Every structure is written in structure tokens, then in C-alpha cells.
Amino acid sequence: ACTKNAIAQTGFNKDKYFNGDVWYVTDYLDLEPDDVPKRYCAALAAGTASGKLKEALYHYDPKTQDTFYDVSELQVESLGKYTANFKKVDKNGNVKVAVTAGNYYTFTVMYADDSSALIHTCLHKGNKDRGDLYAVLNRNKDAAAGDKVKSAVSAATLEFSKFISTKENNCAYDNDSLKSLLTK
């Protein structure tokens, strides 16, 4: 189960974060052991589509090849803290698993700037929940974490040395699909 109430960035700039562009996960920290594979790749696009806050997600296991996309409308809990009801889609936005109650994740932006971010997420999915997950994001694929986001990791009382890098997996990303999905 999840255990953390992540605190959102003071002065979080929502329009900058939710600008329709792509964020790549470069490093992640799962608090629960064996909650996720040790080799993984993920990215998301976050934007507003016809007035609604939206995220599109991409997950790829670089070993098993398991791949899936999701689209969510976000509801606001407070500035920088959201609840997202996801539907699983193909890369084109065709629905594979409909939105359903109990299938949701929370999403807190703990730090963000032009190029980087630190987020916390808590996934709830039927009988397949996920414990707390933190992720370092960058606008550039596989970019090394800069001093600002690393300092934010420290300020959150987390040890960056514990984060797992995604940069050494052979991962490729369909940016174009992620952007398109925002409207789906």
C-alpha cells in the first residue's frame, strides 16, 4: 500500500508542466520491494485538451517487451496534486480497457522546472495495487539528472543513490503517439 503524502512544489506552475510536451522518466524509486521490474522504461505527456487536464502514459519492459499506453483525465485535489482515472489504449487511442472505479493513480509534482521534475505516484488497480513510486523526469530522453532536481530529491528526504536509472536500457519512445493521445 502507499504510505506517503507527497508535498507539491511551492509555486508549482501548472501551465508549464501541462504544456502538451513529453516527459521521460530517467530514474525511479519504488518504496515497496519487487513492486516493479529493475529494468523498465516509461514516459508521459501532460497537457490540457479542450479544457480538461490530461495525461498520456507509455510503459515498456525492455526485456519482456510488454508495452502499453494509457490516457487519463486528471481531477484536481490541490495545486500540483491530481487523481487520474486511466483507460488502457493502443498507441492510436483505441480503447482496450475502459475507465473503471478503483482504477486510478494519484500524481504529485514535488519539483518542476523547464527541463526536469520530481513526481510521486500511487497506483490503485483492482487487486494489483502499487506502493509509492517516485520518478525523476526530464524533457530530454536519458538526460543525466541536474543539480536542481537532485537537490529536490534531497529536500524530500530521499537518497538519490537509491533511485534506479532507466537510461541504460535500450528504450525507444513514440513521442508523436504520446502527444496525440492527449486528445483521446
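Numbering starts at 1 and follows the sequence shown.
Of the two segments, 7-15 and 164-172, the one listed with the higher mean B-factor is 164-172 (C-alpha atoms only). Mean C-alpha B-factor is higher over 26-34 than over the other stretch, the pair under comparison being 26-34 and 147-155. The entry assigns its greatest Cα B factor, within the set 130, 139, 54, 120, to 130. Per-chain ranking of the deposited C-alpha B factor places residue 77 in the lowest third. When all modelled residues of the chain are sorted by CA temperature factor, residue 101 is found within the highest third.
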